Amino acid sequence: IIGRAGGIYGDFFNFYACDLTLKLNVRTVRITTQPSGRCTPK
Amino acid sequence: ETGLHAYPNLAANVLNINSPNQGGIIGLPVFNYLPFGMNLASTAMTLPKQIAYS
Amino acid sequence: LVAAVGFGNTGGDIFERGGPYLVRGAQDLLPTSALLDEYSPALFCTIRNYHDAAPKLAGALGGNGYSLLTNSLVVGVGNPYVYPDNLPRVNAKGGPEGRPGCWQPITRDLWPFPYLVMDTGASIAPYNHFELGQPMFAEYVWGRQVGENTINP
Amino acid sequence: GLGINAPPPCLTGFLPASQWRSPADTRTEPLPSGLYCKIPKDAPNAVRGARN
Amino acid sequence: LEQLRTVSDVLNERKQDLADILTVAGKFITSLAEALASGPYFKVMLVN
Amino acid sequence: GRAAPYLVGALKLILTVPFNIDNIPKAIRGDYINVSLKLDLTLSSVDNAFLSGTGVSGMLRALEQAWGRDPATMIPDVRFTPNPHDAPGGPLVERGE
């Protein structure tokens, strides 16, 4: 799994950002999240 | 053979990625690509009082 | 006498097939035995610290169960690796304070890990101040760039 | 890391772009062998790669 | 010798798993370590 | 022998150090790695990221400290936390001899 995770497509890793949040001021602001799909708890 | 040939390089690079001042690791996002590139500045990764010699 | 005949023949064949192998193996084990003896103190503490950090990295992976929890704060990157000066080396040796070993555990009272420099061909020791990245600008058509590549930025 | 396209990643010696797979498929595939950057040691990019 | 016997038993049961470990770790370590090569960092691709 | 009890636990991490083997299948869903990004723009985080090693180290760290933020939940101030290299009482190392 990890061997196909990074370095097959090019010199780079492969990161997927399903859910992203912003932390600043102490409130945290969410832009996008993915409840269901390829990233579901398991 | 390949594991013993190419792992210590991986260990060296993963030790070089870590920056003690900010903690953790550092990584930057990426026709094949744009003709032009930029690099504004290089922030302070370490301090004179944090370097130790093997 | 007959049992001695059988035992002698069997042992002789065994030793003929597996004596040179043992001799040359015990000959080639001397450098690695010395190597492992030299790095004895960096074993117990290393295993203990990896054991103790296994649950802490496991909770980070498994707190969600579907992704990884990380803090991403924007930072500036160092100068890209230059061709001849930054070739890889496998001459790394020693440990902290000149001898192999481990630090004391990193609590929150003493956070930063003292950086260790080893014979590798790359380092981030001098980055103790803010300076602009020497290859500030570049082009990927004719390969003409501003700034001077350096190992002393 | 700030800065855009400071080293441009190499696509030589890696999987072709047309052979990439969409992120939807969580299906695993057999990892190929002999994959690394194939530049003639030139440029700052991937100086300490496999070939060195 | 007996505790070595049971350790060797549990290791011989998984000798094939060890062989697979070495086979895969020898065929992806070069590609994976390629990322941390252009600088004091690692490249990432963000498709989002 | 001293480190034998912890060996089986350490095998969860001592081979693949950045990753933990226990949770590889769920975090990494094939080609791409699923990551949750906390783009933290806190004053202390920006102070450590940019203004470390300059003359404006305490310009905003102490600004946020004077607010409701508490030092316990803040990333440690590198100018005062004694790391083992320069901690009082000599360097802090453990040697198995």
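Residues numbered from 1 in each chain as written, not as in the entry; some residues may be left out. Chains lettered and ligands numbered in written order. Part of a larger assembly, values for the part shown. Heavy atoms only, no water.

With the PDB entry as reference, chain E is termed MCE-family protein MCE1c, source organism Mycolicibacterium smegmatis MC2 155. Its PDB record names the entry "Structure of Mce1 transporter from Mycobacterium smegmatis in the absence of LucB (Map2)".

The PDB entry lists chain C under the name Virulence factor Mce family protein, from Mycolicibacterium smegmatis MC2 155.

Asker: Just to check I follow, could you spell out the overall build of chain E for this structure?
Answerer: When helices and strands are counted, chain E shows two helices and one strand. Listed by position from the N terminus, the elements making up chain E come as α-α-β. When the backbone C-alpha atoms are referred to their principal axes, chain E occupies close to 55 × 20 × 20 Å. For chain E, buried positions account for 35% of its 48 residues. With the model as given, the accessible surface of chain E reaches about 3000 Å², and the carbon-plus-sulfur share is 62%. Of the charged side chains in chain E, 5 are positive and 6 negative; the average position of the first set lies 6 Å away from that of the second. (Helix = DSSP H or I, 4+ residues; strand = E, 2+ residues; numbered from the N terminus. Buried < 20%, exposed > 50% of the residue type's maximum accessible area, 1.4 Å probe, protein only. Areas by Shrake-Rupley, 256 points an atom, 1.4 Å probe, with all protein chains shown as cover. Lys, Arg positive; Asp, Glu negative; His and termini not counted. Charge placed at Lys NZ, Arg CZ, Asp CG, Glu CD.)

Asker: Sorry, what's going on with the packing of helix 1 (residues 2-17) of chain B against helix 2 (residues 15-33) of chain E here?
Answerer: Think of two packed helices as two axes; the pair is described by the angle between the axes and how far apart they sit. Look at helix 1 of chain B against helix 2 of chain E: their axes get within 9 Å of each other, and the N-to-C directions meet at 25 degrees. As summarised for this structure, helix 1 of chain B and helix 2 of chain E are arranged roughly parallel, according to the angle between their axes. The two elements helix 1 of chain B and helix 2 of chain E meet at a crossing, and its hand is left-handed. Facing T2(B), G3(B), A6(B), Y7(B) and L10(B) of helix 1 of chain B, the residues of helix 2 of chain E in contact are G26(E), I29(E), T30(E) and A33(E). (Axes fitted to C-alpha atoms, helices over the stretch in contact; angles between N-to-C directions. Parallel < 35°, antiparallel > 145°, perpendicular 65-115°, else oblique. Left-handed = near helix turned anticlockwise from the far one by under 90°. Contact = heavy atoms within 4.5 Å.)

Asker: Can you walk me through the packing of helix 1 (residues 2-18) of chain C against helix 2 (residues 20-38) of chain C in this structure?
Answerer: Residues and elements named next belong to chain C. For the pair helix 1 and helix 2, the least separation of the axes is 5 Å and the interaxial angle reads 40 degrees. Classified by the interaxial angle, the pair formed by helix 1 and helix 2 is oblique. Residue-level inspection shows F15, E16, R17 and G18 of helix 1 in contact with helix 2, the latter providing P20, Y21 and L22. Tallied by class, residues from the contact of helix 1 with helix 2 come to four nonpolar, one polar and two charged. (Nonpolar A, V, L, I, M, F, W, Y, C, P; charged D, E, K, R; others polar.)

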